[PDB]
Amino acid sequence: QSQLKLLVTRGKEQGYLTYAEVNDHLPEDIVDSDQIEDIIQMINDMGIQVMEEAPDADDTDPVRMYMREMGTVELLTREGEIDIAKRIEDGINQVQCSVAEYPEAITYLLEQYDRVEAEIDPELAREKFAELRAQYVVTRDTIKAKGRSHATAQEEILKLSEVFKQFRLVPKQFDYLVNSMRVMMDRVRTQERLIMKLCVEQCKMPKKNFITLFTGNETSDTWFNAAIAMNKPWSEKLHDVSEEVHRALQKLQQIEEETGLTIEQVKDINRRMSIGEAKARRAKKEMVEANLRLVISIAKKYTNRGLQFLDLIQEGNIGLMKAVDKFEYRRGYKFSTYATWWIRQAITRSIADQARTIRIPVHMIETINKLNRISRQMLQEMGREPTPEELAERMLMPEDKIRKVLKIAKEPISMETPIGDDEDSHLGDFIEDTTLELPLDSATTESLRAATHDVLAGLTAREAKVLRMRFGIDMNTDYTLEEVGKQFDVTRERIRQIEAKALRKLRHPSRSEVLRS
Amino acid sequence: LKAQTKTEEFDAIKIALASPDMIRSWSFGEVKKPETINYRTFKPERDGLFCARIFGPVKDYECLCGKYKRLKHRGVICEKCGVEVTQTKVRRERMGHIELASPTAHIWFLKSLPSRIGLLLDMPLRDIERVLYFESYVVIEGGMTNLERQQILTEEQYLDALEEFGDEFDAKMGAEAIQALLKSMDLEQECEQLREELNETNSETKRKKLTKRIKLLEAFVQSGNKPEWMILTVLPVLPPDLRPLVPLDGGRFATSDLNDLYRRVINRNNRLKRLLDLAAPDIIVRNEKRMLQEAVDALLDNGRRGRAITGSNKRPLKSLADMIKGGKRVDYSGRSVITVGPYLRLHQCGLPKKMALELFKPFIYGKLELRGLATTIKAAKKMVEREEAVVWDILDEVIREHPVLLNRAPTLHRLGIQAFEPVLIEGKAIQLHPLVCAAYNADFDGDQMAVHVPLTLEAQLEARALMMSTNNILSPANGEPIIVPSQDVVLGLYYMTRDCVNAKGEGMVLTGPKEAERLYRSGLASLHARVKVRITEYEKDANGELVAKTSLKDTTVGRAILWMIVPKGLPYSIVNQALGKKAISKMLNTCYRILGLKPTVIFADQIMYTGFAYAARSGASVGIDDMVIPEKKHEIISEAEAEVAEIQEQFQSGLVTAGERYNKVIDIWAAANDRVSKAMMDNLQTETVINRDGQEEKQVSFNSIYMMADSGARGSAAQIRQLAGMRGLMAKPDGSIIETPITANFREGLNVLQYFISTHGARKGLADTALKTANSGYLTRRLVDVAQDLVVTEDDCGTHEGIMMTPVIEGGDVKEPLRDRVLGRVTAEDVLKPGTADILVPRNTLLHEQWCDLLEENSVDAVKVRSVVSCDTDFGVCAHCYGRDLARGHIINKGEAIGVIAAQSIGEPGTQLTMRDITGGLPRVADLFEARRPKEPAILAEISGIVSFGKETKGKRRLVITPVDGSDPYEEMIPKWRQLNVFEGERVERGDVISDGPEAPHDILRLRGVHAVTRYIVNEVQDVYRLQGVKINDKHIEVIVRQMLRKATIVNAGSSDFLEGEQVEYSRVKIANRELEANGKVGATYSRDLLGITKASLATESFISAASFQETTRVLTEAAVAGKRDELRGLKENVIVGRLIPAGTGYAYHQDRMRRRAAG
Ligand SMILES: [Mg+2]
Ligand SMILES: [Zn+2]
Ligand SMILES: [Zn+2]
């Protein structure tokens, strides 16, 4: 209605395309650099019909749209923060406990420790690892002995779990273990999904029957032969997959022997581990989502220094994302300041490198800033400009080091810079090419080849070849007096004699003479 | 069994979308680091924007580290660093790519007038398509319940609908969401169902969007491009050399902005990749994705939305698109200040010694080494660097018959660049022949011209056979001579006539040449008397040859001696009996038409020599007593001021209308100005008394100034009238006229007041000149852009129809005849004769045979003539239908370049056009060519019927006229405003006037006829040149109007889809191939459509040609969408590619290659 009627009725056709008119007769926040092109595109060119393509199409900013989703405060208090942090520690604990349940994680740690000793107190390592190994070898015996039907044996197992929970592993180690268990589980469900895909679809066995049958042992062939001997219509098809199912069961039993665990519970421990992961991850996400304000607030001070606002607040977000990981609620120190440092370090360790086109090390950046901070006083504490010699004198560095330092400053200048203000000038247009050779020079080089190729013609074979091979021309790889003296019997001095005699021959011709210059 | 896999000759180029794998095909590696050059070693980093392994090595043949150096390993890569050691130009041609994490929308295919990604998907651009991919409002990707297929949801709506159903209508948000949208879209099935739905019971209430989108979808699906490529997942990288960072002077590197862009996008992309592996907060990751979008869009094309800044410069960064959206320097060239060279011929120019020495450097080298002297090439260099006498003689050998073409700054027409034979001159200025000094519009105020050296053999022959001055005798615009003698020489030959009575006269008779001896030996004067001599004339007829004719005519000394210059033929004597004025050019013209090129050329040199010499002998000057004022000046001034005094007194006592007494008193001073002007001229014209024999007689003043005026030589009535008479009515900044004209004149003193009044005229004069000078070229550009593609081809077609040519007669009420507009024109068919026979069918009206059109009396003033307006040609112009008008006397050679020469000739005299029911001037010309509707368009009767009122103001309304007869009615709309011209009941014809006002060219073409509308345009555009007094042939106007009527509109039913407005090119060629193909009913009838220069030029086949003038960002985009290909016949697009031009010396090449591209 408003926009359409005004635009159409007015522009008929506004003669000189009066742009500075209807752009004020539009709503929303003005002075944008976005809506402009959408008006200079419709008026002319595809006239008449374009004015009908405009309304039908008419029927914004990164930061402003970022503050929008950040608007969802969900702010916290000391109670809230400690709560979330508590959930984090709870999740982490359940995960680590789930790792303790895994015996192969313990035995692998044992194996890799023996690898460590086979090449942080060395005796302390030999101490704790001895404790772990001791509890393991005592718990291991209480397994096949079956004394105390996994009641008190379970107590020794859980005590072994506690012993394992005493070890403070490295992030790479924990991740490797967890990933190993998930890959193991990947093979487990690989075999299970294999058996199911083969028996259910290929053999036309209903999913009800497969869940009723397979869920039992899942390893022994007691369920498979009982599925075949059920005399069902889908039992006769199982014969065409007997070897496949057998292979899957044999491999799953192999996994049972690998983990040394009950196959009907590995899903349980892996499940709880997954539960812990999701919980801790969720809680940590809530943390970083909550302290989102701190990032932008402190990032505001670092603005305008070779990196835009979004990039800064982004490095601050990842800085905060790192701060949340290393923190506990059982600490007198709050999160508001501890996170602040990690954020400052995060963005300052980004502005340091990824700012200028050319590389630069941190010490360089610090030295440069220090030089600036010092220089701003010499011209203010005296009255005249700061001389480079005196400015270098007030520092530990000599002077030439500072000279070379200033040759690294600035982006620097871009080619698209206007200069003479012609029609229209560009700095990069005055930059001459030097890697190319003059056509004159190339012509002289070609004529040089011809000249030499014609000069070695007035020579003998045992002299042309000598000069040619010695100074290496028209044969790539040049040889020495020995490699030429061997292929011509007489060695060294003889070939050098001839080599000089040819040069003696070149004292009258003028061709190469003028080609010299 | 060809199928070659090398870089051979190409017949066409193709443009289309690029698949991610298509990008990988160009990828010689992947940029992974924002690093450019080392901070210390200044050496290319590993996988940065300037890698050596990916792109190319720094030095020519040595690798990065230095394990391999010379040409030993030019095919093998290095062991320590995989750097292919070839050239350094490799670094200029190597591509490379970046593979982004989450998908990114291409800024062009996103927001470029019509949303290509939107219109293809049928979805709002900056409204919905923005909010759904900027992570705000989730969109659906096809649902089989409750939700449609492309609706927009909020997070709340998302979870609500997900709770209601879910796990069976999953639809993401953002870039990859739009990707799944375009990917899921079935172009084929939609192309069918859309055709089904958008045709069922719908009038003109829907057909618009229907036909539009269906044509668009059919185009895209047939293009071959998959909509998946619309938003890219792999972004290619520009070669390093095309965006280098080269160290300037003493450090301070110089880089391109693209490095900043690529560095930013790389950084943001890497952070995104890192965040998609670490903790993944939805707000953080989605924000970084939007930031990646920002970086990518900023790199591809800034435009457009705020403009990414940085780089310390407060100015934006030059993105890729900005480097290809919107002067060809050349070697073997130079320039210098020009100077007159009287001793030269017409085919020669003064080229400075040192200048020509440096120019023909390589030629001097070759010739030196060829003869001897220089033992080698470098010897020649050292030999010319040390200018050693003999080298100059060698130079005299190399420039012998090696043409050099000269050029002036403002190149309006073809005669801007003309070739000459280089003549070495001891000096540092470039000398020019004073005859061709007018074609350049060049003066010697200090103007400077440039010189070019035709290097190629055929380039030298092109300059000699085409651009040589001796071949450019006649102007391409009008058949009249262009190298015609100017001021100095004409005043000379004017002085070589001018019969003065007695004064060492008497009729002492002799025989031509002997008179020369008489003149040098004094005794007799020169301008007497008259005197008689024996003239041996030469004429030819029928069987050509030559026929002598000795007689005794009464000429003068000047005419006698001047007769020696006149060539063999010509009517003789009578051409000299006149004087020197305009016949000075007429004589040259007739000489050319009855003799030929050479005789005319040598005649031109001779008349130039003669004019200069005798002008110098005359010694005409300009003393203060040369501009004599009239004695009646003060009288007339007093009388005029008396009359105006009475009028002012009358105004004082009421009586006369004081409101407009201003106008009538202006008429008083205007009359007085004409009185002083007439008095001054009648005085300064005749005067004198002499004393013939018995004394007492009168001739015409020998008053220098008058001699200059009565013989061209820059001296007009108005200027002289201001010199001795008076400067008339002066303009006022208001636009009004001052009621106190400059009574005084330049011969007299000028008061401070009236000078401060005249300063306005001078100011607005110079200012207006500065405007129309640029405005003229501004029009020329549009003319060329629309016309520079048609060239005379297919020899001479058939057809007879063509506009009936008739003398432009304003003589209806003002008397003004012009009947030379038919000459060198090819006749339609035997245009009758008051009796029988006469004119043949295709006989081109000769220059002597148009003079035969006067032997058929004043009765025959109408002849049908073939024109470029008609001509049943396809993609060119019939040689016959065109004409012949060139510097050449014959018809245009097959494969010329009619378009550009036409445009040039039209926009050349634009410099002398005064901008403003009569607009008049250059603006009038522009409006006529643009075919714009007037501010008060008249109305015509579409079908002949009976005029009657259709409900007196019953709408709406506003009157209504309804001419109904025979069958079916029509209801035109009259808006009360403006009256009428036909009462009720009266009958009208097909296209009668019923508004008596300005006519609209659209209505004329649509109803009256093509011959009528073209006749209108030419006869209306000429009328604005009549007033300005600029001669220009109608052929060129007809030429631009030809392709001004390029496209039409079909209205019926054929293989072409109705509503589509297409050019009569494809139309005619397809209707000719349908009447005898299967059935004439599978095709419709078209209708010519009038469209302006800009609207016509806007449409063109090649996308490169379009990418030249019109908005590149648009044309390149839309041409990218539909798999288009230029192949490849246009001039402009074949110019920027740098190949042979499909015209002139080319054409033959294009024809051979064109037929060659018929095998496959
Ligand atoms: Mg000048
Ligand atoms: Zn190497
Ligand atoms: Zn024709």
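Residues numbered from 1 in each chain as written, not as in the entry; some residues may be left out. Chains lettered and ligands numbered in written order. Part of a larger assembly, values for the part shown. Heavy atoms only, no water.

Draft legend 1. Structural view of the domain arrangement of chain A. Domain boundaries in chain A define domain 1 (1–59), domain 2 (60–354), domain 3 (355–435) and domain 4 (436–517). Computed over C-alpha atoms, the centres of domain 1 of chain A and domain 2 of chain A are 58 Å apart. (Domains from an automatic or database assignment.)

Draft legend 2. How the structure looks around the coordination of the zinc ion (ligand 3). Residue and element names in this part refer to chain B. Within the protein, the zinc ion (ligand 3) binds to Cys797 (SG), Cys871 (SG) and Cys881 (SG); these donor distances fall in the range 2.3 to 2.6 Å. On the primary sequence, the residues serving as donors to the zinc ion (ligand 3) are separated as C-x73-C-x9-C. Here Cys797, found in the loop between α27 (752–787) and β14 (804–805), pairs with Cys871, found in the loop between β15 (863–864) and α28 (879–882); they are 74 residues apart in sequence, far enough to count as distant. Accessibility classification places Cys797 together with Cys871 in one group, the buried group. (Donors = N, O, S within 2.8 Å, 3.2 Å for Na, K, Ca; no water. Helix = DSSP H or I, 4+ residues; strand = E, 2+ residues; numbered from the N terminus. Buried < 20%, exposed > 50% of the residue type's maximum accessible area, 1.4 Å probe, protein only.)

Draft legend 3. Focus on the interface of chain A and chain B. Contact residues are listed per partner, giving 65 residues for chain A and 72 residues for chain B. Interface area for chain A against chain B, summed over the two sides, is near 6,500 Å², with a carbon-plus-sulfur share of 55%. Interface area lost by chain A to chain B is led by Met65, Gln314 and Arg359 of chain A, which between them contribute 11%. Taken together, the links from chain A to chain B amount to 15 salt bridges. Put simply, chain A and chain B have 26 residue pairs in polar contact between them. (Contact = heavy atoms within 4.5 Å. Buried area = accessible area lost by both parts, 1.4 Å probe. Salt bridge = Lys/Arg side-chain N within 4 Å of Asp/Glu carboxyl O. Polar contact = N/O pair within 3.5 Å; in protein donor to acceptor, adjacent residues only side chain to side chain.)

Draft legend 4. Here's a closer look at the nonpolar core. By size, the foremost hydrophobic cluster in this structure holds 69 residues, and its most contacted members are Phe360, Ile364, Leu368, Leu406 and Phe603 of chain B. Among the elements that make up this core, the one with the highest residue count is helix α22 (residues 597–618) of chain B (seven residues). Filtering out sequence-adjacent residues up to four positions away, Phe603 of chain B remains in contact with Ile565, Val566, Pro567, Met587, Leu588 and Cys591 of chain B. Among the nonpolar cores identified, the runner-up in size contains 38 residues, and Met378 and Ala392 of chain A together with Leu232 and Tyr262 of chain B belong to it. (Core = buried A, V, L, I, M, F, W, Y, C linked by side-chain atoms within 4.5 Å.)

Draft legend 5. Local environment of the packing of helix α6 (residues 103–117) of chain A against helix α7 (residues 122–139) of chain A. All names here are of chain A. Put simply, α6 and α7 touch, their axes get as near as 11 Å, and they point 145° apart. As α6 runs across α7, the sense of the crossing is left-handed. Contacts from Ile106, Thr107, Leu109, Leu110, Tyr113, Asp114 and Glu117 in α6 reach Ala125, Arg126, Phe129, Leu132, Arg133 and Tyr136 in α7. Grouping the amino acids of the contact of α6 with α7 by side-chain chemistry returns eight nonpolar, one polar and four charged. (Axes fitted to C-alpha atoms, helices over the stretch in contact; angles between N-to-C directions. Left-handed = near helix turned anticlockwise from the far one by under 90°. Nonpolar A, V, L, I, M, F, W, Y, C, P; charged D, E, K, R; others polar.)

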